[PDB]
S.K.: 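My questions all concern the structure below.
FYI, side chains are in, hydrogens and waters are out, and symmetry mates aren't considered; it's all heavy atoms of this structure. Note on naming: letters A, B, ... go to the chains in the order of the sequence lines (proteins, then strands), and numbering restarts at 1 for each one.
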Amino acid sequence: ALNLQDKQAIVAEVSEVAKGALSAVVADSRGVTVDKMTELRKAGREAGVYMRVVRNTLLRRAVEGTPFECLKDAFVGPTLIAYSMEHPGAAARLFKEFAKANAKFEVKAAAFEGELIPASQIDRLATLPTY
Amino acid sequence: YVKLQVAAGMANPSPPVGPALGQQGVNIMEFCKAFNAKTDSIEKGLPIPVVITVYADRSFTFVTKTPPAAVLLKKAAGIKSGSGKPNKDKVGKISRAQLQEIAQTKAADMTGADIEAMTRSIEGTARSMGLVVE
Amino acid sequence: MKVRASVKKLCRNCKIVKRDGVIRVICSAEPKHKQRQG
Amino acid sequence: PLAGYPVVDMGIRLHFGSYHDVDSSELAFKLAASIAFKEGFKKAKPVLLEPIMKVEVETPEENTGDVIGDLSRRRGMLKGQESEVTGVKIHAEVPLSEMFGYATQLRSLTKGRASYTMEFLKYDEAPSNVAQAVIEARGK
RNA sequence: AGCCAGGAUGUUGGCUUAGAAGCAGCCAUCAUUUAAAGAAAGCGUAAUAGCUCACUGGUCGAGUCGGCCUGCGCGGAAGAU
Ligand SMILES: [Mg+2]
Ligand SMILES: [Mg+2]
Ligand SMILES: [Mg+2]
Ligand SMILES: [Mg+2]
Ligand SMILES: [Mg+2]
Ligand SMILES: [Mg+2]
Ligand SMILES: [Zn+2]
């Protein structure tokens with residue numbers, strides 16, 4: 001109904017799934033067609049990774065009071081974040097792969113253990129293994 | 001790069017294939033019998049869509065897809081033609097297990113892996129074709 | 001062009017412009033739609 | 001009776017009549033059958049049949065649709081269009097009165113590198129304007 | 001408002017048609033992943049192809065859109081010493 005009341009709903013939904021998330025992986029999405037994003041979206045459903053593009057202002061508001069606050073430095077530019085409903089630290093590997101293979105977007109940041117990890121030092125998430 | 005819908009066992013006719021990829025430099029005969037070679041397994045008289053993929057050196061590859069839903073929906077329904085106009089007359093009733101059979105047939109084409117969602121997409125398409133579900 | 005008393009937009013590309021106290025209709029799509037209030 | 005064109009596909013049934021014993025000749029019934037025929041023709045729905053000829057034009061592919069557009073301007077219906085490697089072949093059935101001088105028109109649309117063929121196919125009823133056209137000229 | 005991109009998938013919805021493939025027409029118009037997606041509001045093709053739009057994310061960083069009433073103006077407005 002109300003676009004402010006839709007924001008009251010989108011903020012409450014993206015933060016409620018941030019309650020159960022384990023590792024947040026944020027990245028860029030501009031310059032890529034639709035069906036190419038669904039190559040990852042099917043890859044997120046099978047790995048239990050929730051992927052949802054929300055606005056930068058909305059994101060900060062939502063993640064306030066949550067361990068993913070330090071990510072306010074990376075919420076500029078087009079934003080494609082990934083949550084880890086199950087299998088913690090798995091989104092990252094998939095993300096990095098797709099990025100360097102065929103697109104122009106990069107991995108803005110990751111968010112494990114409620115701290116911010118810069119783009120080049122995220123091989124740490126890749127090194128961590130599924131258990 | 002070109003997309004066609006070719007009969008399961010026959011690539012012989014000139015007008016459907018000749019002009020579209022002749023400019024691309026596709027060797028007609030090659031694609032004809034490669035296409036037929038792999039589409040041998042398809043049921044007789046199933047029109048199947050193929051995406052032909054040509055490169056600067058005129059060489060090509062292709063992917064075969066699942067037949068168009070409307071062609072595949074009227075065969076299960078056993079209705080040779082199509083509904084003249086919906087919301088007035090329905091030519092038959094499509095079965096539910098057939099919708100999921102159709103859903104797993106075009107599993108690759110559908111973007112949703114929910115399978116039940118695939119059925120809804122197929123059912124929605126059928127609804128536009130004037131059929132009703134039991 | 002159409003020099004007439006009633007000038008108006010005839011399509012979605014027609015634009016009303018005033019240039020010397022003269023209302024004109026200029027169209028970037030159809031040159032038939034060129035009008036002038038006179 | 002309408003214009004002078006020959007009547008076609010007509011069935012006649014002589015259910016009743018009258019005959020005088022001493023004044024009935026072959027020509028008297030000929031005049032009598034002709035009066036009745038003319039009277040019936042006007043009461044009935046009398047229409048012209050134009051001839052339609054099968055047309056197969058062969059054209060370069062760059063100016064295909066213009067040929068089709070001119071065919072639709074010559075009041076013709078279409079039954080297909082094959083596209084060979086040498087050039088497109090369009091099939092049609094155009095009335096003969098609208099097939100007059102097609103070669104110079106077909107050459108103008110195609111840089112003069114098209115060709116065509118006409119074969120007579122069937123007869124078909126003309127629309128009201130062309131039927132009204134052939135009646136005024138023939139009548140006067 | 002401008003600019004950077006997407007503008008999906010079943011698919012060329014079903015009929016009609018030589019072709020009707022978002023875009024001749026009739027009958028619809030609803031599922032899909034969605035940030036968002038008209039079985040397209042336009043251009044275009046013989047049909048395709050192709051170009052935009054609606055709809056969205058970013059950038060930007062402060063007002064902006066559509067009507068109603070009303071004051072004063074503008075065009076309409078060419079004649080003979
Ligand atoms: Mg059709
Ligand atoms: Mg259509
Ligand atoms: Mg069109
Ligand atoms: Mg005012
Ligand atoms: Mg005035
Ligand atoms: Mg005035
Ligand atoms: Zn205009």
Side-chain angles (χ1 to χ4, degrees), chain A residues 10 28-42 44-45 51-59 75-80 104-105, chain B residues 1-5 15 19-20 23 47 49 65-74 79 81-89 91 102-103 105-114 116-131, chain C residues 3-7 11-13 18 20-24 29 36-38, chain D residues 59 61-72 76-83 88-93:
Chain A
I10 300 333
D28 185 308
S29 61
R30 199 161 64 186
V32 188
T33 87
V34 200
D35 244 69
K36 257 192 189 270
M37 271 300 335
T38 319
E39 294 293 327
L40 303 213
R41 299 237 193 189
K42 211 255 132 328
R45 201 173 319 273
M51 227 184 327
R52 165 199 262 281
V53 18
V54 289
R55 304 182 225 185
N56 287 127
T57 59
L58 281 207
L59 257 166
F75 291 149
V76 293
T79 285
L80 186 77
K104 62 231 84 189
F105 78 86
Chain B
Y1 303 128
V2 295
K3 54 162 68 170
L4 268 51
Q5 306 192 2
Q23 36 198 347
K65 319 204 74 191
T66 59
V71 165
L72 228 256
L73 268 281
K74 81 190 33 112
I79 292 152
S81 61
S83 239
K85 41 184 290 290
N87 327 310
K88 249 46 67 196
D89 60 343
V91 203
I102 295 177
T105 318
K106 311 144 181 359
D109 295 23
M110 302 318 143
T111 58
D114 330 72
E116 165 48 15
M118 299 190 184
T119 88
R120 325 195 30 239
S121 297
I122 275 55
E123 88 76 32
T125 259
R127 275 199 342 121
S128 147
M129 171 178 348
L131 281 317
Chain C
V3 180
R4 59 161 83 131
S6 168
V7 289
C11 81
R12 44 162 46 109
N13 300 90
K18 205 190 176 239
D20 201 343
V22 183
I23 304 294
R24 303 177 117 118
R36 207 208 82 130
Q37 206 164 44
Chain D
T59 183
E61 64 279 314
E62 335 103 15
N63 42 78
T64 297
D66 324 285
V67 168
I68 297 122
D70 197 0
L71 288 167
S72 325
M77 189 254 288
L78 274 202
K79 327 281 211 154
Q81 47 185 168
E82 236 177 65
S83 286
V88 186
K89 273 192 61 67
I90 293 99
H91 314 277
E93 317 186 349

S.K.: Side chain of B/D114: nearest nucleotide among E/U11, E/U33, E/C15?
M.R.: E/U33

S.K.: Around A/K42, counting heavy atoms of other residues, nucleotides and ligands shown, do more than 12 lie under 6.0 Å from its NZ?
M.R.: yes

S.K.: May I ask you to say whether E/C30 and E/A31 are base-stacked, judged by six-membered ring centres under 5.5 Å apart and ring planes under 30 degrees?
M.R.: yes

S.K.: Let me spell it out: for each of C/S6 and D/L78, pick the nucleotide of RNA chain E with the closest heavy atom. Which residue's pick is nearer the 5' end?
M.R.: D/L78

S.K.: Quantified in whole Å, what is the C1' atom distance between nucleotide E/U32 and nucleotide E/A5?
M.R.: 23 Å

S.K.: Take the six-membered rings of bases E/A20 and E/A21, measure centre-to-centre distance and interplanar angle, and say whether these fall under 5.5 Å and 30° respectively.
M.R.: no

S.K.: Hey, what are the protein-to-nucleotides 19-24 of chain E N/O distances that come in under 3.5 Å?
M.R.:
none

S.K.: Is A/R30 near enough to E/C4 that one of its side-chain N or O atoms lies under 4.0 angstrom from OP1 or OP2?
M.R.: no

S.K.: Looking at E/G19 and its strand neighbour E/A18, I'd like to know if their base rings stack, meaning the ring centres are under 5.5 Å apart and the planes differ by less than 30°.
M.R.: yes

S.K.: Given E/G10, E/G13, E/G57, identify the nucleotide with an atom nearest to the side chain of B/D109.
M.R.: E/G10

S.K.: Quick check against the 3.5 Å criterion: does B/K74 have a side-chain atom that pairs as donor or acceptor with the backbone of B/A70?
M.R.: yes

S.K.: Assign E/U29 to syn or anti; the rule is syn for a glycosidic angle within 90° of 0 and anti otherwise.
M.R.: syn

S.K.: Take atom P in E/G25 and the same atom in E/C53, then report the distance between them in whole Å.
M.R.: 24 Å

S.K.: Go through RNA chain E and write down every stem, that is, every run of at least three consecutive Watson-Crick or G-U wobble pairs with distances under 3.5 Å, as range with range.
M.R.: E:2-6 with E:55-59, E:13-15 with E:25-27

S.K.: Which listed nucleotide (E/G14, E/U59, E/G75) is nearest to the side chain of A/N56?
M.R.: E/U59

S.K.: Expressed in whole Å, how much space separates the P atoms belonging to E/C26 and E/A41?
M.R.: 13 Å

S.K.: Expressed in whole Å, how much space separates the P atoms belonging to E/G13 and E/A21?
M.R.: 5 Å

S.K.: Identify all pairs in which a protein N or O lies below 3.5 Å from an N or O of nucleotides 37-40 of chain E, and state each distance.
M.R.:
{"unit_1": "E/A39", "atom_1": "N6", "unit_2": "B/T125", "atom_2": "OG1", "d": "3.1"}

S.K.: How would you label the glycosidic angle of E/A54: syn (within 90° of 0) or anti?
M.R.: anti

S.K.: Of the candidate nucleotides E/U33, E/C27, E/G58, which contains the atom at the shortest distance from the side chain of B/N87?
M.R.: E/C27

S.K.: Please pick, from E/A28, E/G75, E/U12, the nucleotide with the shortest atom-to-atom distance to any side-chain atom of B/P86.
M.R.: E/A28

S.K.: Between E/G57, E/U34, E/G10, which nucleotide has the shortest distance from any of its atoms to the side chain of A/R55?
M.R.: E/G57

S.K.: What's the separation between atom CD1 in D/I90 and atom CG in D/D70, rounded to the nearest 0.5 Å?
M.R.: 11.5 Å

S.K.: Is it true that a side-chain atom of C/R36 and a backbone atom of C/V22 form a donor plus acceptor pair closer than 3.5 Å?
M.R.: no

S.K.: Could you give the distance separating E/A54 and E/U45 at their P atoms, to the nearest angstrom?
M.R.: 24 Å

S.K.: For E/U34, decide between syn and anti, treating a glycosidic angle within 90° of 0 as syn.
M.R.: anti

S.K.: E/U32, OP1 or OP2 - any side-chain N/O from B/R120 closer than 4.0 Å?
M.R.: yes

S.K.: Indicate whether the side chain of D/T64 and that of D/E61 have a donor and an acceptor atom separated by less than 3.5 Å.
M.R.: no

S.K.: Does a nitrogen or oxygen in the side chain of A/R45 sit under 4.0 Å from OP1 or OP2 of E/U34?
M.R.: yes

S.K.: Determine the Euclidean distance between corresponding P atoms of E/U9 and E/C69; express it in Å to zero decimal places.
M.R.: 49 Å

S.K.: Quick one: label B/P49 by what it contacts on the DNA or RNA (base, sugar-phosphate, nothing), any heavy atom closer than 4.0 Å.
M.R.: nothing

S.K.: Please state whether the base of E/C30 and the side chain of B/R127 form at least one donor-acceptor pair under 3.5 Å?
M.R.: no

S.K.: Under 4.0 angstrom, heavy atoms only, what part of the nucleic acid is B/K106 near: base, sugar-phosphate, or nothing?
M.R.: nothing

S.K.: Evaluate the base stacking between E/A46 and its strand neighbour E/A47 against centres under 5.5 Å and planes under 30°, returning yes or no.
M.R.: yes

